[PDB]
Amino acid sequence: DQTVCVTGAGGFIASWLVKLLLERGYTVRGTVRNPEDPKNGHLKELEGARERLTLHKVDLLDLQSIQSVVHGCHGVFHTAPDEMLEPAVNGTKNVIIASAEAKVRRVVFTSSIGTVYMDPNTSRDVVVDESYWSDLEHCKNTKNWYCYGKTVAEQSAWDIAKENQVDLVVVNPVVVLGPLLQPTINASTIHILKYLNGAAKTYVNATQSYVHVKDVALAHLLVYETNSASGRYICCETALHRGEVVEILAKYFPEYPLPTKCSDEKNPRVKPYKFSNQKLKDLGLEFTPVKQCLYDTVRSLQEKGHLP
């Protein structure tokens, strides 16, 4: 019987989260930049959206704008690189401050695996869990502005939440794959697209951790619903080298072009990071295997016409 707020409701993760919340009977206030815009139009079509979903024109940098939407909510899902940092941090601060004033039960903040593992002391041989934090200096040294900014934002979230005695929990997803609802999506899917359209006949010597978007959504809800949820939550399935991704696509989609070799055959295959998803498993989350993530991604690229 609850009302919840979802910020940036039209994004990749957020849309699937909205979908999930509507299926579980939640009443949803999705905040967007412009409600009557086409790129948001897929939300209004979701099962239950007619009855229980409203979209709201909200500017997160305007405190009163988010405040009026947050009042009445039991929960807030805040789902939302050098130039974006300060405004993102300011918008998050406003969400947290507004949540304190509205007396919501809990705020769920979408972060990233990038705030977890980017520290020189963090090897690819240790099992990395939620106790690991990235190194701001090391991120800065290496122009890793993604990891720097995510790390700053998440530290800011904790501090602002702590100042206001707001119950905040955080999800840290790895690379997110799966079916699309809108028509865009990340650099990995773009690489996968470039495999399957023949633009890329080689693959790089790199690894990556993947997770199904539906799992990410489910992780968000689990950490909102579970009274005992606390802290950070790594959201990952398993990691694959690029060559392993190619071999999977080859078994499922043998008719399509794929790269024929690694662009680096002189060095040994890079080993992946070992991330623990035990915290979410303990709350009872069962992860969709990565093979199925890749499958659903490609089907969606087909259905949406990005793939000839």
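Start at 1 with the first residue shown and count on from there.
- In the deposited entry, the stretch joining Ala80 to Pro81 is interrupted by 4 to 9 residues of the deposited sequence lacking coordinates.
- Comparing the deposited coordinates for 121-129 and 232-240, the stretch with the larger average C-alpha B-factor is 121-129.
- Look at the C-alpha B-factors of 36-44 and of 270-278. On average they run higher in 36-44.
- The entry lists C-alpha B-factors for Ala102, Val76, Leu136, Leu222, and the highest of these is at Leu136.
- Of all the options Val170, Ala157, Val175, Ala187, the entry's greatest CA B-factor is assigned to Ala187.
- The PDB entry assigns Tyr195 a C-alpha temperature factor belonging to the middle third of its chain's modelled residues.
- Compared with the other modelled residues of the chain, the Cα B-factor recorded for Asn94 ranks in the lowest third.
- For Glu51, the recorded CA B-factor ranks within the highest third of the chain. Only modelled residues enter the ranking.
- Annotation for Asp264: C-alpha temperature factor in the highest third relative to the rest of the modelled chain, per the entry.
- Per the PDB record, residue ranking by Cα B-factor puts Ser300 in the highest third of the chain.
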